[PDB]
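# Examining the three-dimensional arrangement
Residues per chain are reported as follows:
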Amino acid sequence: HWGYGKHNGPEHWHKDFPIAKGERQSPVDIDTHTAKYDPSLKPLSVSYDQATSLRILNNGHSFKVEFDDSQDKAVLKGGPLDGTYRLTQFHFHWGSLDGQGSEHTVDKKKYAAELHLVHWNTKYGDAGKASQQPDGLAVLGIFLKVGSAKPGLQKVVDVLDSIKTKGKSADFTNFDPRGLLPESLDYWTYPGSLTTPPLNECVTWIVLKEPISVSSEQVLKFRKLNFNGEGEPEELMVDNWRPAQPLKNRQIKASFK
Ligand SMILES: NS(=O)(=O)c1c(F)c(F)c(S(=O)(=O)CCO)c(N[C@H](c2ccccc2)[C@@H](O)c2ccccc2)c1F
Ligand SMILES: [Zn+2]
């Protein structure tokens, strides 16, 4: 099946998912100098106060924390969005070393990791149906640089030893995703896709300008996860990022400057 290695990695995905070479694929390089400031864009509304995390799982591609999205509890609205998007999960992409790991890049700069908070448009009723629509999903992307620790990430890092291999999961309640956000909500936005198969072109990307800093010890815990199930050969889960794809006929908009 698909993955991130030489024989089944991003350059191979188009064979099973031909949209991989489509007109609105993600991630992209964000050219800060040619993004267009749009003074008409609204501030992003991030209403995470009633978030209810439920579980964390290693799916053999990343790890993900899943939320109760059966009611409006943790939602994203405003910015470039029409209507209300419900948070369903977050996950990360990261590198084998600190100089790569992010999917979006900024002026060709790669971060050590990128956090994706995935939300679905409540007019579509569920994430599956939303994934089939051009305005189905909004993904809030946040870059991680290595430096000071992020205290609000610690609860995540400390449970990862319990989900080392593909298919392991644990209950994971009362995690506050507000503790992963940087101070600023300034952002770039463009229309794109999921960055993993099936690569649906259904995402409004909102990528925050300000990275969060995480420590070396925090990212080192990510890199101890395994892609494999227990009892297959050990392959560390690292470099689970798709590289920048061509922008094609898109303009990236900025909320600032
Ligand atoms: N970088 S990305 O944001 O594009 C991305 C990922 F990188 C990613 F790893 C996942 S994943 O679910 O953790 C394993 C690969 O599916 C998902 N999950 C998909 C998803 C979850 C919740 C809501 C919408 C989409 C995936 O599970 C999916 C794909 C297609 C249709 C429904 C669900 C994902 F969206
Ligand atoms: Zn992602």
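What counts and how
Residues numbered from 1 in each chain as written, not as in the entry; some residues may be left out. Chains lettered and ligands numbered in written order. Heavy atoms only, no water. Residues with missing side-chain atoms left out of burial classes, pairs and counts. UniProt positions renumbered as here; feature names shortened; annotations may be inferred. Donors = N, O, S within 2.8 Å, 3.2 Å for Na, K, Ca; no water. Helix = DSSP H or I, 4+ residues; strand = E, 2+ residues; numbered from the N terminus. Buried < 20%, exposed > 50% of the residue type's maximum accessible area, 1.4 Å probe, protein only. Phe/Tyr/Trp six-rings, centres within 6.5 Å; stacked < 30°, edge-to-face > 60°.

Structure determination for this PDB entry was carried out by X-ray crystallography, with a resolution of 1.5500 Å recorded in the header.

As annotated in the PDB entry, the protein chain is Carbonic anhydrase 2 from Homo sapiens. Of the protein chain, the UniProt comment under Subunit (literature references left out) reads exactly: "Interacts with SLC4A4. Interaction with SLC4A7 regulates SLC4A7 transporter activity. Interacts with SLC26A6 isoform 4 (via C-terminus cytoplasmic domain)." For the protein chain, the Sequence similarities comment in UniProt is given as "Belongs to the alpha-carbonic anhydrase family."

### Regarding the coordination of the zinc ion (ligand 2)
Ligation of the zinc ion (ligand 2) by protein atoms is provided by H91 (NE2), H93 (NE2) and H116 (ND1), these donors lying 2.0 Å from the ion. Coordination of the zinc ion (ligand 2) draws on donor residues from a single chain, spaced H-x1-H-x22-H in sequence. Within this pair, whereas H93 is found in strand β7 (residues 84-94), its partner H116 is found in strand β9 (residues 113-121), the two being separated by 23 residues in sequence. Exposure remark for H93: the relative accessible area of 2% places this residue in the buried category.

### Comments concerning the packing of aromatic side chains
Within this structure, the stated rule accounts for 15 aromatic pairs. A centroid spacing of 5.4 Å and a plane angle of 75° characterise the contact between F63 and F222, whose relative ring orientation is edge-to-face. Highlighted residues: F63 in strand β5 (residues 63-67) and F222 in helix α4 (residues 216-222), separated in sequence by 159 residues. No difference in accessibility class separates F63 from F222, as the two residues are buried. Judged by centre distance (5.6 Å) and plane angle (55°), the rings of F90 and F175 are tilted.

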